[PDB]
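Working notes for the structure below.
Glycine gets a Cβ as well: all are built from the backbone with ideal geometry, and neighbour counts include every protein chain shown. Derivation of every value follows stated rules applied to the coordinates shown; laboratory data play no part.
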Amino acid sequence: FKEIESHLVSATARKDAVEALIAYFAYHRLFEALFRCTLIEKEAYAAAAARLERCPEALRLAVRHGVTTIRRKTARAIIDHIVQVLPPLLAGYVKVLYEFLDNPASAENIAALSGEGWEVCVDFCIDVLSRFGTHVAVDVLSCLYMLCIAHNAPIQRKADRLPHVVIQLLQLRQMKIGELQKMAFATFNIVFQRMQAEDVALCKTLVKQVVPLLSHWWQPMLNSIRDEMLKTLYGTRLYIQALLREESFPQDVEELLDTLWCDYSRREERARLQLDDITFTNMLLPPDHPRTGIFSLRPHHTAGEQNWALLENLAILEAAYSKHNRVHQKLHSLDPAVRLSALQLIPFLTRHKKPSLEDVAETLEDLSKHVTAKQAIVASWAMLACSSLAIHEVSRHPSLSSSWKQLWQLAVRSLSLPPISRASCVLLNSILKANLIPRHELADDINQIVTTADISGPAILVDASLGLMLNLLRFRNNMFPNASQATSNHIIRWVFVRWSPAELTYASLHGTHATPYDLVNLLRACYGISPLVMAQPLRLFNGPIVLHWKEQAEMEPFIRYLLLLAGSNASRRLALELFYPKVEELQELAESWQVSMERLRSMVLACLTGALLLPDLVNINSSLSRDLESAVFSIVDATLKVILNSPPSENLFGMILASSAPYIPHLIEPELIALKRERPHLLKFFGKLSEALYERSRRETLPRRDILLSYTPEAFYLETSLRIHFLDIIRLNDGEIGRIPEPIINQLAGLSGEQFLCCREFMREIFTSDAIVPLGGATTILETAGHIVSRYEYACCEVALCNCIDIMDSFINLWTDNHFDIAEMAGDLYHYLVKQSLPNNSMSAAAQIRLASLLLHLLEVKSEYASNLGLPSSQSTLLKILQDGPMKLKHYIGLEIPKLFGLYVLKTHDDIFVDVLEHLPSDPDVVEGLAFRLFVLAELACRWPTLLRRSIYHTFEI
């Protein structure tokens, strides 16, 4: 290689050196060799062509092998060589670029001190495209995209020609479909997400251009292309509603509406938003979840998000087009698939249409026409649409009251067919909650349902069946207080007649619908004890579409502004008798196993339901107690042993964690005390699960670098594993509550650089909670969390910075109390983040937000720490950040700045207000700046009355 290095910088030397390199496949020197060798051959211009094609092939194969131990010096060197040698060698050089950018930390660390080199690369690719091989063109758009996904990529500078380039390319209505269009739409999404609240004019023009081009490349791979176009529609959802309120665009948008309808209506039954992609359960799902009026997207469904995305976006664009009745016409359509699609689009749309009395009445008449459609699909969806409309204030008008009776009627009989036993139940429940029919017309039918329970019972025992049965139990303990054991005993009989877990039709068809939460809540009601607690939002993971929507979710108010738009013992023994056979049959089915997803999931839901109500069914103590516990836990053990010895491709542990999570508590001391007092059998379950986890680990990089990495499947599984470990240790120690168990910390500080970032939400959750941590605990945790941030592969990535800021925030009051051993570490890290990380153009938007929160919290504890360490004051850093920062950070701070005036005596508020206003945006050519200024002044005013005078004065001033 040394003599070969001299050989490169005589064709037997060059071609031979490249052959020896290919055989091969500090570095800086060989890289110089290759560069100047290609240059010597370039000036020394078919053999010439072959040697030119073959030298940077060796180059690119070297940049796929030292691209790990490369640094910014070698980065700039390679980049300037690529842009200097070329004024033939397109594909080789572009390949070197592609393989240099494939490593994300590379294209992020080039977004350092200036953006000179980043702009060099982006302009390289823009010029290359605007010249436009064809596959090389795809690689050009790919490396352009790979540059644009860097949340500290300075885009605003080279943001004039870039979108026009990308969406000028796409206007070509040929080159049937491939990576080209997927990458076109990916760069569009990212650049638009940047420039969504800066350069409003550019954006309105762009959307006026890409609402047409979207109604063409939606020709009815294609999975990912429909996904990118649905993300695009999620973005543009606001410019469309603004433009329609401001005349080609109406024609174009209507044509696009009809392309969406024509595409969705020929999707007959497999992938058409099946009725198993929604749940009617009354769990505490998080607020940012996707939901519509009655149902909501089934948790942990990364496979049914595209259909919900399409229907959600279509409902929004339709209620935003009929604003400036396509749906009722399509409802009276002829082709049955069109009527089915118009039956699906009723709840999504009524979530935001605010219909009038005539429209509600008419649509309801037609739906009562469609309810009896002899068809599981159509009758079901029709009843769901009806029960979506039945939850207004418009529906409670007498002009259609008998109509409700009709629908009630058309459901009271439609309860015994397992095809439509779910939707029908929903309907009943809806009418029994909104009170559209008085409490004497509907008493005989309820008596029939609850006393008979074999005809006009909810034939299937799913989420909505249990909801309705609970509402009926309460109705009948409210009207006929005498004969309440009748209700409770009929209820228990129905529950244990319908709940057959160890059967193929149940376990495979509607096993996913029914959850242990609903079962045990109904049973605890009919005994008479109490609900399950479930006092916090469920934890779940999502897929790309919903995550991307969760990115553009905090900033939608600023875009709606910038755009200007003893008997109990009888019943318990009854239930125990009726229940034990279920466990016996389950244990026989389990002994046979020493297998699919559905049978195994049903068995684990059954063992959860068993472990939940053991503390119920032991006060019986009629010798069917010991046997019950032993049998339940024998099922649990057999299940775990099927789970372990299995391929990690089914991912059964995904199933068990996803099912068992909603019962894991919050990790504070009082809740972990009430888990040792009320539900201990759940704790024994969690112990067995922890053992299986430990052992499966004994047997054997980053999916996304956003702030949302902790909502992807990988992160959810890691956080759940560690909460399970935590609960197990707490159970065993029995008094080591709260005090973070040193084994848990040693499992925290014994992970990889890819996982410490994944479990950061778990670290936040434990540490923020009041919990004695060992000295070495906080010290070691902080040592490792800091070490992640100084590796040149994480020095720029968003997630590492956010995580180290959060961990410093967790122990805010150790270093700012005394001088410990940790105070030096936090000093070093504060200094590196403030003085060094921030002006280097390395902190991203979410990193700057997390640092703003760190500072705003620091002022409430020390308020001068940054001086006693030798830096400018914290407030100085905060406002310096406010002046220069991507509008997302400006919005966050302006929203949480009116809390900065809470740490100061009332005498000095106009002084602080002068100081702040010194650091706002103000320039007449920039209208976004003035918009932000008026925004923050309105916020201060609407919170602090002291600053109302100056807020109004400066609002009228500009």
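Observations on the model:
- Scan of the stretch 34-48 for residues that are under 19 Å from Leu86 (Cβ atoms) and part of a helix (DSSP H, G or I), ordered by number: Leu34, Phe35, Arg36, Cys37, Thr38, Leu39, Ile40, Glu41, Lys42, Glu43, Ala48
- Evaluation of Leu257 against (1) part of a helix (DSSP H, G or I); (2) of a type outside the set (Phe, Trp, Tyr); (3) surrounded by fewer than 16 Cβ atoms within 10 Å (Cβ to Cβ) (one fails), failing number: (3)
- From the list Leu367, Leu340, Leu349, the lone residue that is closer than 18 Å to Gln406 by Cβ and surrounded by 20 or more Cβ atoms within 10 Å (Cβ to Cβ) is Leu367.
- Condition met for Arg677 (more than 24 Å from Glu761 (Cα to Cα) and not in a helix (DSSP H, G or I)): yes
- Inclusion of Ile346 among residues that are touching a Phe, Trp or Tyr at 6+ places or on another chain (Cβ under 9 Å) and in a helix (DSSP H, G or I) is warranted.
- Residue pairs meeting the criteria (Cβ under 7 Å; at least 6 apart or on separate chains; first over 8 Å from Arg731 (Cβ atoms), in the stretch 675-688; second surrounded by fewer than 18 Cβ atoms within 10 Å (Cβ to Cβ) and among the hydroxyl-bearing types (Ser, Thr, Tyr)): none
- Applying the condition of being part of a loop (DSSP other than H, G, I, E, B) and within 28 Å of the chain's Cα centre (by Cα) to the stretch 118-158 and asking which residue is surrounded by the fewest Cβ atoms within 10 Å (Cβ to Cβ) yields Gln156.
- Restricting the stretch 508-524 to residues that are under 15 Å from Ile460 (Cα atoms) and hydroxyl-bearing (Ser, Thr, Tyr), the residue that is farthest from the chain's Cα centre (by Cα): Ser508
- Note on the stretch 178-211: among residues that are out of contact with any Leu (no Cβ under 7 Å at 6 or more places or on another chain) and outside any helix (DSSP H, G or I), the one that is surrounded by the fewest Cβ atoms within 10 Å (Cβ to Cβ) is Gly178.
- With a requirement of 1 or more residues that are under 25 Å from the mean Cα position of the chain (by Cα), surrounded by 21 or more Cβ atoms within 10 Å (Cβ to Cβ) and among the aromatic types (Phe, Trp, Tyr), the helices (runs of 4 or more DSSP H) lying completely within the stretch 758-815 that satisfy it span 760-768.
- Of the helices (runs of 4 or more DSSP H) that lie entirely inside the stretch 432-524, those containing 3 or more residues that are under 20 Å from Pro581 (Cα atoms) and either among the β-branched types (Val, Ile, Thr) or out of contact with any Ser or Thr (no Cβ under 7 Å at 6 or more places or on another chain) (or both) span 485-498.
- Scanning the stretch 83-117 for residues that are surrounded by fewer than 17 Cβ atoms within 10 Å (Cβ to Cβ) and within 25 Å of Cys797 (Cβ to Cβ) yields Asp102, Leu113, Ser114, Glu116.
- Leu851 being buried (at least 16 other Cβ atoms within 10 Å of the Cβ), part of a helix (DSSP H, G or I) and either among the polar types (S, T, N, Q) or touching a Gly at 6+ places or on another chain (Cβ under 7 Å) (or both): no
- Those residues of the stretch 325-358 which are out of contact with any helix residue (DSSP H, G or I) (no Cβ under 8 Å at 6 or more places or on another chain) and closer than 20 Å to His397 by Cα, in sequence order: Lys354, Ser356, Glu358
- Scan of the stretch 606-645 for residues that are assigned to a loop (DSSP other than H, G, I, E, B) and in contact with a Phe, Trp or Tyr (Cβ under 9 Å, 6 or more places away or on another chain), ordered by number: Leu613, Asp616, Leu617, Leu624
- Any hit, the stretch 907-915, residues being farther than 29 Å from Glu864 by Cβ and surrounded by fewer than 18 Cβ atoms within 10 Å (Cβ to Cβ): no
- Only a single item in (1) of a type in the set (S, T, N, Q); (2) within 22 Å of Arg291 (Cα to Cα); (3) assigned to a helix (DSSP H, G or I) is not met by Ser395, and it is number (3).
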